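If you want the building blocks of each chain, they are given just below.
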Amino acid sequence: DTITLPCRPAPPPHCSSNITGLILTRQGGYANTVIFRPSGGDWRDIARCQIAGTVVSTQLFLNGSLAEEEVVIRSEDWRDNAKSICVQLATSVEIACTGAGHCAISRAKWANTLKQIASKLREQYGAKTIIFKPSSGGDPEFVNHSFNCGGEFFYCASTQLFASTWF
Amino acid sequence: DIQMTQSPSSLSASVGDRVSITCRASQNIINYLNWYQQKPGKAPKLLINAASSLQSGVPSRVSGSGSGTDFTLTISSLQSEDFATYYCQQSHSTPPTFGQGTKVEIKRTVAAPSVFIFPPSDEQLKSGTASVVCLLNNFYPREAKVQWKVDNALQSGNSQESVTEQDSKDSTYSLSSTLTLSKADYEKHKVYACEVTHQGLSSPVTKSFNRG
Amino acid sequence: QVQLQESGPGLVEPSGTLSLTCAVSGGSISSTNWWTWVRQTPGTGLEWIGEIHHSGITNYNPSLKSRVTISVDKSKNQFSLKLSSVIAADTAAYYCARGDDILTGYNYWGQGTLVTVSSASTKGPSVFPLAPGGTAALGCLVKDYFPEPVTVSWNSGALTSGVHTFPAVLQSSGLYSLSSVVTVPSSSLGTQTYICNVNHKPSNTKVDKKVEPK
Ligand SMILES: *[C@@H]1O[C@H](CO)[C@@H](O)[C@H](O)[C@H]1NC(C)=O
Ligand SMILES: *[C@@H]1O[C@H](CO)[C@@H](O)[C@H](O)[C@H]1NC(C)=O
């Protein structure tokens, strides 16, 4: 099974990249259910994570760096929901764009990555229930998994990546 | 935005002294703070980045410290040529906010002004206006008083001033008081004098000339 | 090393748009950096306008979003700032500076260019000489010009010792004015002439003026 992200404009085949981690935001306020939605503040959050490749993207780190043995989540303050959660992967997930306006990600590989990221967020926050919800909303560069590629700029809808619960 | 409040905004030290400027950020900005030096009429110069990394090309006299909501710039051996305004700058989050600035003025021996007076040129007199100039060259401090005397009759309102920023070499000031008149009011009087009061002067100094 | 020089008009009457170009020399705009515009007003301070990546990405200060455009001209190796619907509030000095991988520091700066938002016309100054304790003082009086600045030199940059080019002052007429003075030993007033070179690139006048005693 596969997950197809709608991207406009259509990225060419040679923008087929590796996802090496992402950036989350814990939704504040208030059941023992913690809710994370992919961060989309300003380019400086994505910068500060420093698991950043030359490819200047949002939501997901494309062609960034990988951790060693396993997933490592990081934050400047676990209590400040304003402060993002830099998730860094160990083993990358391939995003492949057919150039028909569609980019594809293995459902297996991604679900696996969520399981792990959930586990670590659980260690940190001590809860039981980890909910991934889509982008909270904002300017188009963030509310969508955006990126540059060959000088051209693309956007992708990613609400299909972040919509699950874990226990 | 992240509010950068410097401290103080204006200070006065000596050649050789240790200068300290603080910068408080509203939010925790980790260590993403930069210090700029800007001399009069020039573009800012990056002293420090990451609140501590001495930008290559700056003296090691300059040093940076702090991380969180408070930061310090130190100049450990101030020199004549550090007369500048210094700015602390955000970098954690757009917009990169700046500080209002700290004005480091170099303090030195009290110096008496060289007072020169200039008649209005025969060029300008034909235009219909006269511009008499009273110059106070190389003095200290910037406190001065300049009064005008046209046939001893005192003048009020028709003078306006402008001061150079401290010199890089000796750190003196230079002051200019322009007395403007019309041609008919200029030809009405003969002896034009300017009188100068200053901290370095025993008595007030006057300089004069006769029209023509 | 890397070097930036701005270009563009220092006057823009209200409503209209400010176009301004940063020319990059000794480095490509297609590097790994961002390119930034910052404005500075006496009294107000330093304000970050926006930045752009070599891949057409654009970050603008919230306060100016509705009005601001940054663009990258890869053919000419430059970037440019376009501010529409300008108000008197925008009267300031405009610098182009290159950071270093949006890592904090704005490393290299351009000399900056001053930009007035005024609905007054442009005109050149008139230059009147200023001629006379052991030391002699000369000067050039630069009266009634708009807009700023003026480029006053002495002996074409040969005599820059003792020179004091005072800051301008806005008249009630709305014309700037200033003097530039210079001390020289008294025994040199007759041995040589002193000539100031006043430039005013707004109205492009390259006035010289000889200063001789009386
Ligand atoms: C990222 O790495 C992939 C390797 O799978 C490559 O195909 C791609 O061109 C790289 N760069 C970008 C901007 O996608
Ligand atoms: C991107 O992902 C593929 C997945 O098989 C991997 O083999 C490849 O090395 C990655 N790209 C590069 C050049 O790192």
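Cut-off values and rules
Residues numbered from 1 in each chain as written, not as in the entry; some residues may be left out. Chains lettered and ligands numbered in written order. Heavy atoms only, no water. Contact = heavy atoms within 4.5 Å. Buried area = accessible area lost by both parts, 1.4 Å probe. Salt bridge = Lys/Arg side-chain N within 4 Å of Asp/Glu carboxyl O. Polar contact = N/O pair within 3.5 Å; in protein donor to acceptor, adjacent residues only side chain to side chain. Helix = DSSP H or I, 4+ residues; strand = E, 2+ residues; numbered from the N terminus. Nonpolar A, V, L, I, M, F, W, Y, C, P; charged D, E, K, R; others polar. Near = heavy atom within 4 Å. Areas by Shrake-Rupley, 256 points an atom, 1.4 Å probe, with all protein chains shown as cover.

For this deposition, the record names X-ray crystallography as the technique by which the model was determined and cites 3.550 Å as its resolution.

As recorded by the PDB entry, chain B carries the name Fab eOD-PL01.1 kappa light chain and is attributed to Homo sapiens. This entry's official PDB title is "Germline-targeting HIV-1 gp120 engineered outer domain eODgt8 in complex with Fab eOD-PL01.1".

Taking the PDB entry as the reference, chain A is identified by name as Germline-targeting HIV-1 gp120 engineered outer domain eODgt8 belonging to Human immunodeficiency virus 1.

### Describing the interface of chain B and chain C
Listed by partner, the interface residues are 40 residues for chain B and 33 residues for chain C. On the chain B side of the contact with chain C, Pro44, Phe98 and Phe118 of chain B bury the most area, a combined 17% of that side's loss. If you look at where chain B meets chain C, you find 0 salt bridges. Scanning the region where chain B abuts chain C turns up 9 residue pairs in polar contact. Looking at the side of chain B that touches chain C, the elements with two or more residues in it are β4 (33-38), β5 (45-49), β9 (84-90), β11 (114-118), α1 (122-125), β12 (129-139), β15 (159-163) and β16 (173-182) of chain B. Broken down by element, the residue count for the side of chain B that touches chain C peaks at 6 residues, all from β12 of chain B. Residues belonging to the side of chain B that touches chain C are distributed by class as follows: 18 nonpolar, 18 polar and 4 charged.

### Focus: the site of ligand 1
Residue and element names in this part refer to chain A. Taken together, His14, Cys15, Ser16, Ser17, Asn18, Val55, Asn63 and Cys149 are the residues near ligand 1. The contact in question runs from an oxygen atom of ligand 1 to an N or O atom on the backbone of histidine 14, over 2.9 Å. Within the backbone of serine 16, a nitrogen or oxygen atom sits 2.9 Å from an oxygen atom of ligand 1. Relative to its free-state accessible area of 360 Å², ligand 1 is covered by the protein chains to the extent of 61%.

### As for the interface of chain C and chain A
At the junction of the two partners, chain C supplies 8 residues and chain A supplies 8 residues. Together chain C and chain A conceal approximately 800 Å² of surface at their shared face, both sides included; 55% is due to carbon and sulfur atoms. Counting the surface chain C buries against chain A, the share from its top three residues, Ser55, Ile57 and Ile102 of chain C, is 50%. Remark: the boundary between chain C and chain A carries 2 salt bridges. Between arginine 44 of chain A and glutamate 51 of chain C there is a salt bridge, with its nearest N and O atoms 3.1 Å apart. Connecting chain C to chain A are 3 residue pairs in polar contact.

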